[PDB]
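**Student:** To start, I am sharing the structure in question, which I have written as structure tokens.
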Amino acid sequence: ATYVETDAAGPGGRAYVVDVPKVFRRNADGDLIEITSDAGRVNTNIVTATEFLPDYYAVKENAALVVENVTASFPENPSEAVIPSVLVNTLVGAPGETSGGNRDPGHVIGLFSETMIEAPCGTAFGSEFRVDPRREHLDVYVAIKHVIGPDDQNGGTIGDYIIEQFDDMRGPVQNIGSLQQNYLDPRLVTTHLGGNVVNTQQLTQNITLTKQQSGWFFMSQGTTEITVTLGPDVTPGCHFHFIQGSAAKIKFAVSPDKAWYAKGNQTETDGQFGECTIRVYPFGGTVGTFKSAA
Amino acid sequence: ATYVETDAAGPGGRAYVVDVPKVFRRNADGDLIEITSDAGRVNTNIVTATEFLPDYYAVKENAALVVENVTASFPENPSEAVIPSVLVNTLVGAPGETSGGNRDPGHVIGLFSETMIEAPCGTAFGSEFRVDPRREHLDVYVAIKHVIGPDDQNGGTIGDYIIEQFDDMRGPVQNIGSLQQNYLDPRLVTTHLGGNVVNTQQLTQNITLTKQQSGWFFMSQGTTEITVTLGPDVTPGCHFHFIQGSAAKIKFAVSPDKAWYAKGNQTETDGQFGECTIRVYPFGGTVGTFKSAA
Amino acid sequence: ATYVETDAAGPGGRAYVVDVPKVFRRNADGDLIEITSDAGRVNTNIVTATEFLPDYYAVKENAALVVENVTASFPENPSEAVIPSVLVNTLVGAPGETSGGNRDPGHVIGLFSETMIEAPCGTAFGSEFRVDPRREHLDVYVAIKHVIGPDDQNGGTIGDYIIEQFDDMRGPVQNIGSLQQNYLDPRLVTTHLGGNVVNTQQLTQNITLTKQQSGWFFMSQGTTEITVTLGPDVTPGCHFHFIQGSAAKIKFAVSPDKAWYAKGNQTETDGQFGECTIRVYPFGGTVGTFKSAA
């Protein structure tokens with residue numbers, strides 16, 4: 001780190017020529033930040049309790065970190081450049097280097113959002129996506145977009161890909177009152193071009209159907225009769241399928257608020273290999289479509 | 001000053017360190033210009049975008065906040081820790097105290113994303129999840145991965161959990177053209193294990209089927225003749241189901257751009273409980289499977 | 001350069017000042033790179049990860065950016081105010097001005113996540129949402145929402161509002177091992193009121209069924225018989241729908257691992273307008289519900 005006379009600063013310029021690729025790390029209130037082109041790292045904030053002010057300025061003044069990006073092109077030349085607001089670039093391994101990596105026990109996270117709740121709270125939001133078309137027309141908006149780079153530039157191989165992955169914690173977690181997934185606006189259309197898989201189970205004891213049992217396949221296996229009771233929590237719209245693979249018969253019952261509706265008033269399957277489709281319609285309309293054993 | 005083996009510049013080290021959080025540089029005029037930077041909790045950027053350039057180095061030149069996190073390890077000792085590029089924590093209630101909380105009117109949000117529109121905009125992205133396997137092999141990729149704390153370490157309870165909620169805004173918004181959820185790659189293998197609910201409708205008058213009503217279960221009610229007309233918008237591949245629960249007949253009509261197809265050119269139902277399943281197919285092939293009344 | 005005491009770094013502050021307008025760094029190749037400050041926060045970090053420590057305090061040490069929000073409120077008067085943690089406000093055009101814009105080739109991204117791979121890796125997460133109810137009870141939690149400003153506040157229009165978009169990259173991308181979307185907790189209940197669209201195709205030669213083809217509709221065209229073989233990859237819980245669209249019969253074959261199962265061991269459709277519903281059940285039970293040609 002000296003002042004030298006070099007041509008890189010001009011025909012006869014002078015410069016400070018610190019001679020290490022990892023130039024000044026700088027010391028913040030405890031940590032070496034990075035090259036002297038960065039800012040503070042750890043941010044904390046405490047908000048003051050107030051009333052409901054559903055305004056953008058109000059939530060801005062309550063926010064802990066505010067990032068805003070404004071683009072202003074000319075009317076003659078509306079630009080076509082990609083303008084992200086927040087760019088999080090997770091990188092593993094230095095470019096041009098074949099050193100190290102991360103193993104299975106650990107994992108790298110592009111963005112970790114953790115909810116820390118220990119006080120009585122009404123609702124908590126993990127994310128939110130709002131669009132405000134104040135003045136103009138937007139041709140198309142997408143909340144979540146998935147892009148994978150073409151193989152002509154990326155020679156790597158991805159063994160497995162998951163769009164969305166949800167584990168099971170029936171043992172470790174019991175305090176969840178109810179977990180669901182709601183789409184209250186039927187305007188959307190699901191253009192699912194792939195396959196699908198549904199749950200299946202074999203019945204041997206009498207069961208009470210709820211909203212979770214919507215749509216699986218039931219196998220009546222055993223010798224004693226198996227009774228299925230449609231609980232009051234079952235909502236119109238779901239459907240269940242039953243097929244008998246054994247000699248045991250299948251009995252059906254409904255909640256008092258549901259009135260049985262069937263062709264011929266049949267309350268059980270006719271025989272083995274007989275199909276039974278149970279469908280629920282508004283104001284408690286239970287319809288059981290039966291198929292002959294033969 | 002001085003050069004140190006900090007180990008914060010990789011496994012090797014050998015970086016240059018300055019022991020104060022602010023450094024400066026004297027320009028030609030004689031006044032100091034800061035080399036470093038430190039912004040508060042509010043950040044603002046204005047960009048005069050040039051022509052389209054899909055280069056990551058060019059892309060980061062327009063972002064208002066760029067975050068990188070590089071993981072480096074020895075080739076013989078790959079890392080096994082967890083490396084989140086960005087960590088955001090939403091804490092309610094000071095630890096060691098249960099005082100206070102948030103009711104229904106106020107909702108704590110881990111991450112807020114929103115947009116204002118004031119100029120003609122082509123398209124807008126609420127998020128984007130890219131991946132570039134530039135050189136090496138990656139085993140598993142996950143876009144969104146939901147985690148619930150185990151109850152052995154969590155004495156509290158969660159009454160309701162929603163992995164995704166989309167409300168209905170029939171009244172408040174009417175400027176939206178279409179609502180879509182596209183999966184343009186049939187190579188996707190969706191795996192489900194929960195339940196499903198299908199919207200159900202009771203038909204009583206003339207109806208022109210569109211994209212929104214696809215996949216539903218329709219009920220024939222009343223005595224007057226009910227006609228279902230398939231408009232041009234109905235793309236191939238959609239499926240519809242109809243059940244005649246009364247004596248009202250059901251007629252089927254197709255747009256002139258496609259030809260109706262059924263069993264024996266039967267363009268109507270046969271009677272009560274005569275179910276018709278309509279499946280559209282390319283080249284204008286609209287097939288209808290008709291079920292006998294008895 | 002020497003540390004000095006100046007007011008330019010705050011009232012009664014100290015700094016590290018270089019007395020030359022140009023400061024240079026020697027990179028790994030010996031070239032000189034000028035050190036300069038751009039616009040926007042460039043928060044960056046490099047981590048030499050230790051062993052696996054799955055603790056919040058431990059993991060927070062490896063984050064390039066940490067945001068902490070504590071909404072402590074009084075016990076007798078809990079708050080009812082919306083309090084986000086990270087607020088992102090991307091907008092186009094200043095309020096009150098219609099000048100300029102951004103056409104379709106360009107776009108704005110609310111949060112541009114990224115992931116570059118240069119070294120072998122085990123697991124990568126695009127994002128992660130976690131809830132930790134240590135002490136108290138939470139009423140409702142929703143991971144991700146979708147809120148659109150009501151028209152009484154927004155005067156513009158939206159063309160398309162895509163909840164989730166996934167394009168097709170068969171050409172550019174062929175190094176992907178597989179594409180999946182797994183839900184391995186059966187307790188989940190979904191309420192999809194919108195339309196559902198699946199993939200349909202017409203057979204022309206002998207084919208082998210895969211997981212991607214589950215839940216599709218097929219028709220046989222021509223005169224030569226077409227053989228459909230269930231591949232070894234087929235697992236229990238799938239379903240396939242087949243209809244003979246022409247005079248050519250469709251023969252059914254099963255891999256040695258799976259066992260064929262049908263009413264009367266009917267391995268092919270009798271004639272045109274026949275129906276088959278092939279469902280795979282535990283222990284390799286490939287059971288096919290059959291409907292005759294008529």
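Ligands are numbered from 1 in the order shown, residues from 1 within each chain, and chains are lettered A, B, ... in the order they appear in the structure tokens.
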Which residues are near residue C:3? Cut-off 9 Å, only C-alpha atoms, ignore same chain within fewer than 4 positions. Put them as number ranges by chain.
**Tutor:** B: 20, 23; C: 14-17
**Student:** Save the residues we just selected, N, CA, C and O atoms, as a PDB file, in the first residue's frame?
**Tutor:**
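Listed below is the output, result-v5.pdb:
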```
ATOM      1  N   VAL B  20     -11.288   1.223  10.760  1.00  0.00           N
ATOM      2  CA  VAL B  20     -12.332   2.210  11.028  1.00  0.00           C
ATOM      3  C   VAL B  20     -13.481   1.988  10.053  1.00  0.00           C
ATOM      4  O   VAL B  20     -13.257   1.513   8.931  1.00  0.00           O
ATOM      5  N   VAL B  23     -13.882   5.318   5.366  1.00  0.00           N
ATOM      6  CA  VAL B  23     -12.665   5.740   4.687  1.00  0.00           C
ATOM      7  C   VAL B  23     -13.036   6.800   3.663  1.00  0.00           C
ATOM      8  O   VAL B  23     -14.174   6.863   3.190  1.00  0.00           O
TER       9      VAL B  23
ATOM     10  N   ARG C  14     -13.793  10.131  13.339  1.00  0.00           N
ATOM     11  CA  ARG C  14     -12.481   9.796  12.810  1.00  0.00           C
ATOM     12  C   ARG C  14     -12.649   8.953  11.558  1.00  0.00           C
ATOM     13  O   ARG C  14     -13.655   8.259  11.389  1.00  0.00           O
ATOM     14  N   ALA C  15     -11.655   9.019  10.680  1.00  0.00           N
ATOM     15  CA  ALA C  15     -11.733   8.322   9.405  1.00  0.00           C
ATOM     16  C   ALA C  15     -10.329   7.990   8.924  1.00  0.00           C
ATOM     17  O   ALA C  15      -9.331   8.356   9.546  1.00  0.00           O
ATOM     18  N   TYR C  16     -10.273   7.275   7.803  1.00  0.00           N
ATOM     19  CA  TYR C  16      -9.030   6.865   7.158  1.00  0.00           C
ATOM     20  C   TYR C  16      -9.028   7.448   5.753  1.00  0.00           C
ATOM     21  O   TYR C  16      -9.796   7.005   4.894  1.00  0.00           O
ATOM     22  N   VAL C  17      -8.166   8.428   5.513  1.00  0.00           N
ATOM     23  CA  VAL C  17      -8.228   9.257   4.316  1.00  0.00           C
ATOM     24  C   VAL C  17      -6.980   9.038   3.472  1.00  0.00           C
ATOM     25  O   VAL C  17      -5.858   9.039   3.988  1.00  0.00           O
TER      26      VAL C  17
END
```
**Student:** Check stretch 7-205 of chain B with DSSP on the backbone and list each residue it calls strand (DSSP E or B), as a PDB file with C-alpha atoms, in the first residue's frame.
**Tutor:**
```pdb
ATOM      1  CA  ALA B  15      -6.604  -9.627   2.899  1.00  0.00           C
ATOM      2  CA  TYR B  16      -6.061  -5.939   3.650  1.00  0.00           C
ATOM      3  CA  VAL B  23     -12.665   5.740   4.687  1.00  0.00           C
ATOM      4  CA  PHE B  24     -12.297   8.777   2.443  1.00  0.00           C
ATOM      5  CA  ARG B  25     -10.344  10.020  -0.561  1.00  0.00           C
ATOM      6  CA  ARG B  26      -9.210  13.531  -1.475  1.00  0.00           C
ATOM      7  CA  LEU B  32     -13.107  14.550   0.824  1.00  0.00           C
ATOM      8  CA  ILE B  33     -15.259  11.993  -1.003  1.00  0.00           C
ATOM      9  CA  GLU B  34     -16.310   8.839   0.813  1.00  0.00           C
ATOM     10  CA  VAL B  42     -34.795   3.688   3.687  1.00  0.00           C
ATOM     11  CA  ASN B  43     -33.315   3.274   0.207  1.00  0.00           C
ATOM     12  CA  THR B  44     -34.263   4.990  -3.045  1.00  0.00           C
ATOM     13  CA  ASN B  45     -32.961   4.467  -6.577  1.00  0.00           C
ATOM     14  CA  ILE B  46     -33.822   6.123  -9.893  1.00  0.00           C
ATOM     15  CA  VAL B  47     -32.804   4.372 -13.116  1.00  0.00           C
ATOM     16  CA  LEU B  65     -30.204  -3.575  -3.649  1.00  0.00           C
ATOM     17  CA  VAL B  66     -27.793  -6.334  -4.700  1.00  0.00           C
ATOM     18  CA  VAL B  67     -27.055  -9.138  -2.231  1.00  0.00           C
ATOM     19  CA  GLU B  68     -24.456 -11.855  -2.811  1.00  0.00           C
ATOM     20  CA  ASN B  69     -23.189 -14.666  -0.605  1.00  0.00           C
ATOM     21  CA  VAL B  70     -20.311 -16.887  -1.752  1.00  0.00           C
ATOM     22  CA  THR B  71     -19.549 -20.181   0.002  1.00  0.00           C
ATOM     23  CA  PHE B  74     -11.500 -26.863   0.555  1.00  0.00           C
ATOM     24  CA  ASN B  77     -13.432 -30.812   3.122  1.00  0.00           C
ATOM     25  CA  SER B  79     -18.925 -27.595   3.989  1.00  0.00           C
ATOM     26  CA  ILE B  83     -25.999 -20.649   4.301  1.00  0.00           C
ATOM     27  CA  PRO B  84     -28.994 -18.308   3.850  1.00  0.00           C
ATOM     28  CA  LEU B  87     -32.423 -13.868   6.528  1.00  0.00           C
ATOM     29  CA  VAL B  88     -35.571 -11.987   7.559  1.00  0.00           C
ATOM     30  CA  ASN B  89     -37.085 -12.502  11.014  1.00  0.00           C
ATOM     31  CA  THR B  90     -40.557 -11.400  12.134  1.00  0.00           C
ATOM     32  CA  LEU B  91     -40.591 -11.391  15.944  1.00  0.00           C
ATOM     33  CA  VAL B  92     -43.760 -10.540  17.880  1.00  0.00           C
ATOM     34  CA  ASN B 102     -51.676  -8.154  17.131  1.00  0.00           C
ATOM     35  CA  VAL B 108     -47.540  -8.789  10.703  1.00  0.00           C
ATOM     36  CA  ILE B 109     -46.004  -9.516   7.296  1.00  0.00           C
ATOM     37  CA  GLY B 110     -42.626 -11.187   6.913  1.00  0.00           C
ATOM     38  CA  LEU B 111     -42.064  -9.884   3.381  1.00  0.00           C
ATOM     39  CA  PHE B 112     -44.049  -7.205   1.548  1.00  0.00           C
ATOM     40  CA  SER B 113     -44.018  -6.915  -2.244  1.00  0.00           C
ATOM     41  CA  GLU B 114     -46.209  -4.435  -4.104  1.00  0.00           C
ATOM     42  CA  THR B 115     -46.301  -2.340  -7.269  1.00  0.00           C
ATOM     43  CA  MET B 116     -47.619   1.028  -8.435  1.00  0.00           C
ATOM     44  CA  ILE B 117     -48.470   1.601 -12.102  1.00  0.00           C
ATOM     45  CA  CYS B 121     -45.893  -1.156 -18.706  1.00  0.00           C
ATOM     46  CA  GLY B 122     -45.390  -4.254 -20.828  1.00  0.00           C
ATOM     47  CA  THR B 123     -45.113  -6.989 -18.208  1.00  0.00           C
ATOM     48  CA  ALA B 124     -44.343  -7.152 -14.491  1.00  0.00           C
ATOM     49  CA  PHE B 125     -42.805  -9.913 -12.373  1.00  0.00           C
ATOM     50  CA  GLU B 128     -38.373 -14.965 -10.226  1.00  0.00           C
ATOM     51  CA  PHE B 129     -36.412 -18.097  -9.285  1.00  0.00           C
ATOM     52  CA  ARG B 130     -33.564 -18.736 -11.717  1.00  0.00           C
ATOM     53  CA  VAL B 131     -30.907 -21.445 -11.528  1.00  0.00           C
ATOM     54  CA  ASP B 132     -27.745 -21.782 -13.653  1.00  0.00           C
ATOM     55  CA  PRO B 133     -25.879 -25.087 -13.216  1.00  0.00           C
ATOM     56  CA  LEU B 138     -26.629 -30.317  -8.274  1.00  0.00           C
ATOM     57  CA  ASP B 139     -28.677 -33.055  -6.626  1.00  0.00           C
ATOM     58  CA  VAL B 140     -31.961 -31.409  -5.586  1.00  0.00           C
ATOM     59  CA  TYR B 141     -33.490 -27.974  -6.197  1.00  0.00           C
ATOM     60  CA  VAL B 142     -36.476 -26.639  -4.239  1.00  0.00           C
ATOM     61  CA  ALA B 143     -38.196 -23.345  -5.028  1.00  0.00           C
ATOM     62  CA  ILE B 144     -40.441 -23.070  -1.943  1.00  0.00           C
ATOM     63  CA  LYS B 145     -40.014 -25.273   1.130  1.00  0.00           C
ATOM     64  CA  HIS B 146     -42.347 -24.790   4.111  1.00  0.00           C
ATOM     65  CA  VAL B 147     -41.085 -25.673   7.595  1.00  0.00           C
ATOM     66  CA  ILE B 148     -43.119 -26.068  10.793  1.00  0.00           C
ATOM     67  CA  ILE B 158     -51.301 -22.761  15.446  1.00  0.00           C
ATOM     68  CA  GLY B 159     -55.053 -22.721  14.898  1.00  0.00           C
ATOM     69  CA  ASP B 160     -54.983 -22.362  11.113  1.00  0.00           C
ATOM     70  CA  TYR B 161     -52.320 -22.809   8.436  1.00  0.00           C
ATOM     71  CA  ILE B 162     -52.735 -21.794   4.789  1.00  0.00           C
ATOM     72  CA  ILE B 163     -49.988 -22.651   2.319  1.00  0.00           C
ATOM     73  CA  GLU B 164     -51.608 -20.253  -0.180  1.00  0.00           C
ATOM     74  CA  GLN B 165     -54.761 -18.116  -0.043  1.00  0.00           C
ATOM     75  CA  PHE B 166     -56.472 -16.324  -2.935  1.00  0.00           C
ATOM     76  CA  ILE B 176     -58.660  -7.584 -14.720  1.00  0.00           C
ATOM     77  CA  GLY B 177     -58.879  -9.333 -18.077  1.00  0.00           C
ATOM     78  CA  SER B 178     -58.093 -12.961 -17.269  1.00  0.00           C
ATOM     79  CA  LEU B 179     -56.879 -14.991 -14.294  1.00  0.00           C
ATOM     80  CA  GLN B 180     -54.520 -17.811 -15.248  1.00  0.00           C
ATOM     81  CA  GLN B 181     -52.210 -20.412 -13.712  1.00  0.00           C
ATOM     82  CA  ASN B 182     -50.078 -21.888 -16.479  1.00  0.00           C
ATOM     83  CA  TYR B 183     -48.034 -25.101 -16.463  1.00  0.00           C
ATOM     84  CA  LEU B 188     -43.885 -31.899 -14.674  1.00  0.00           C
ATOM     85  CA  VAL B 189     -45.004 -34.736 -12.394  1.00  0.00           C
ATOM     86  CA  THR B 190     -47.433 -33.329  -9.841  1.00  0.00           C
ATOM     87  CA  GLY B 195     -58.259 -33.646  -0.934  1.00  0.00           C
ATOM     88  CA  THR B 200     -70.929 -27.385  -8.583  1.00  0.00           C
ATOM     89  CA  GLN B 201     -73.733 -25.553 -10.376  1.00  0.00           C
ATOM     90  CA  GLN B 202     -77.465 -26.147 -10.826  1.00  0.00           C
ATOM     91  CA  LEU B 203     -78.535 -25.355 -14.391  1.00  0.00           C
TER      92      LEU B 203
END
```
**Student:** Might you pull out every residue within 7 Å of stretch 151-156 of chain C, with only C-alpha atoms counted and same-chain residues fewer than 2 positions away left off, and present them as a ChimeraX atom specification?
**Tutor:** /A:132-137 /B:172-174 /C:149
**Student:** Env of residue B:199: 8 Å cut, atoms = only C-alpha atoms, seq-sep filter 2 positions within chain, self excluded. Answer as a PDB file with N, CA, C and O atoms, in the first residue's frame.
**Tutor:**
```
ATOM      1  N   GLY A 237     -69.284 -30.757  -2.535  1.00  0.00           N
ATOM      2  CA  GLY A 237     -68.264 -30.577  -3.552  1.00  0.00           C
ATOM      3  C   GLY A 237     -67.272 -31.716  -3.657  1.00  0.00           C
ATOM      4  O   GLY A 237     -66.775 -31.988  -4.759  1.00  0.00           O
TER       5      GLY A 237
ATOM      6  N   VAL B 197     -61.779 -30.261  -4.127  1.00  0.00           N
ATOM      7  CA  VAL B 197     -63.167 -29.821  -4.173  1.00  0.00           C
ATOM      8  C   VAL B 197     -63.428 -29.202  -5.538  1.00  0.00           C
ATOM      9  O   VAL B 197     -62.635 -28.388  -6.023  1.00  0.00           O
ATOM     10  N   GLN B 201     -72.737 -26.517  -9.934  1.00  0.00           N
ATOM     11  CA  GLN B 201     -73.733 -25.553 -10.376  1.00  0.00           C
ATOM     12  C   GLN B 201     -75.021 -26.277 -10.740  1.00  0.00           C
ATOM     13  O   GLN B 201     -74.986 -27.391 -11.268  1.00  0.00           O
ATOM     14  N   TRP B 216     -66.255 -28.592 -14.019  1.00  0.00           N
ATOM     15  CA  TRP B 216     -67.269 -28.532 -12.981  1.00  0.00           C
ATOM     16  C   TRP B 216     -68.276 -29.668 -13.139  1.00  0.00           C
ATOM     17  O   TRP B 216     -68.282 -30.405 -14.128  1.00  0.00           O
ATOM     18  N   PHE B 217     -69.140 -29.802 -12.137  1.00  0.00           N
ATOM     19  CA  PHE B 217     -70.271 -30.719 -12.176  1.00  0.00           C
ATOM     20  C   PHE B 217     -71.549 -29.892 -12.218  1.00  0.00           C
ATOM     21  O   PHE B 217     -71.801 -29.088 -11.314  1.00  0.00           O
TER      22      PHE B 217
ATOM     23  N   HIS C 192     -59.991 -25.942  -4.729  1.00  0.00           N
ATOM     24  CA  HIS C 192     -59.748 -25.314  -6.024  1.00  0.00           C
ATOM     25  C   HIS C 192     -61.091 -25.149  -6.727  1.00  0.00           C
ATOM     26  O   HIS C 192     -61.589 -26.078  -7.366  1.00  0.00           O
ATOM     27  N   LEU C 193     -61.675 -23.956  -6.610  1.00  0.00           N
ATOM     28  CA  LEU C 193     -62.961 -23.678  -7.233  1.00  0.00           C
ATOM     29  C   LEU C 193     -62.852 -23.394  -8.725  1.00  0.00           C
ATOM     30  O   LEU C 193     -63.874 -23.417  -9.418  1.00  0.00           O
ATOM     31  N   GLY C 194     -61.650 -23.137  -9.234  1.00  0.00           N
ATOM     32  CA  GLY C 194     -61.473 -22.793 -10.628  1.00  0.00           C
ATOM     33  C   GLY C 194     -61.481 -24.001 -11.543  1.00  0.00           C
ATOM     34  O   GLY C 194     -61.594 -25.151 -11.122  1.00  0.00           O
TER      35      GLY C 194
END
```
**Student:** Pick from B:1, B:18, B:287, B:8: nearest to chain A, with only C-alpha atoms counted?
**Tutor:**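 With only C-alpha atoms as the atom set, the closest residue is B:18.
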**Student:** Please report the interatomic distance between atom CA of residue C:254 and atom CA of residue C:225 in Å with one decimal.
**Tutor:**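 Result for atom CA of residue C:254 versus atom CA of residue C:225: 16.6 Å, one decimal.
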